[PDB]
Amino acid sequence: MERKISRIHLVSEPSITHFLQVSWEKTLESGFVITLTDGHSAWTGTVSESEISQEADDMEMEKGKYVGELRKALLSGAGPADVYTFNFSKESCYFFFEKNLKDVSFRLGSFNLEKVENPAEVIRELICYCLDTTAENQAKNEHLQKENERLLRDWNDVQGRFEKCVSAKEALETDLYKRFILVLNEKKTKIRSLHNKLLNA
């Protein structure tokens, strides 16, 4: 049972921010509930598996495609390209939203909202969930950033140690050789001297 609060702007209200909360179970295509609010009031409504299918049919558009568009419009899924438009009458409580492509506006779907009776309260619930959300993602960030640090220091550290070790190892054989030759040739100094004295014996 996912939900998704997304902040929008109404065409009616250029400067004033508004919040769209959708909510469902996990598809969008199975239907969804849909509160708007502005701080100060709160409107709701429900869409259904089949209303969606009909809407798509109206647009002569393949169903995955259409739901594609729905997620991007309703869930802040928008690409850089994508421009979406949101329209609401307080008065008629009608919600429609559209996409804007080659300077045409293409309606993407509509809603019947029903102004809500308990306003300051669903606002409460809403904005408790956001505190919980922001706190979770905060804490997960603190953790990921600390692992990132750990990891970056430890990778830098093996890289250097490792390469210093590959050099030393590559110079080792000859190095041993050289230590071995001085020792054996000192032995041979001693062989020569004893042998010569034995000659003179």
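Note that residue numbering follows the sequence shown and begins at 1.
- Of the two segments, 160-168 and 28-36, the one listed with the higher mean B-factor is 28-36 (C-alpha atoms only).
- Here the stretch with the larger average CA B-factor, out of 112-120 and 78-86, is 112-120.
- Going by the entry's values, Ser41 shows the largest Cα B-factor out of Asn148, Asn137, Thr174, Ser41.
- For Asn141, the recorded CA temperature factor ranks within the lowest third of the chain's modelled residues.
- Ranked against the other modelled residues of its chain, the C-alpha B-factor of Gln21 as given in the entry falls in the middle third.
- When the CA B factors of the chain's modelled residues are split into thirds, the value for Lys65 lands in the middle one.
- Sort the chain's modelled residues by C-alpha temperature factor and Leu198 lands in the middle third, per the entry.
- Placement of the Cα temperature factor of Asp154 within the chain: lowest third of the modelled residues, per the deposited record.
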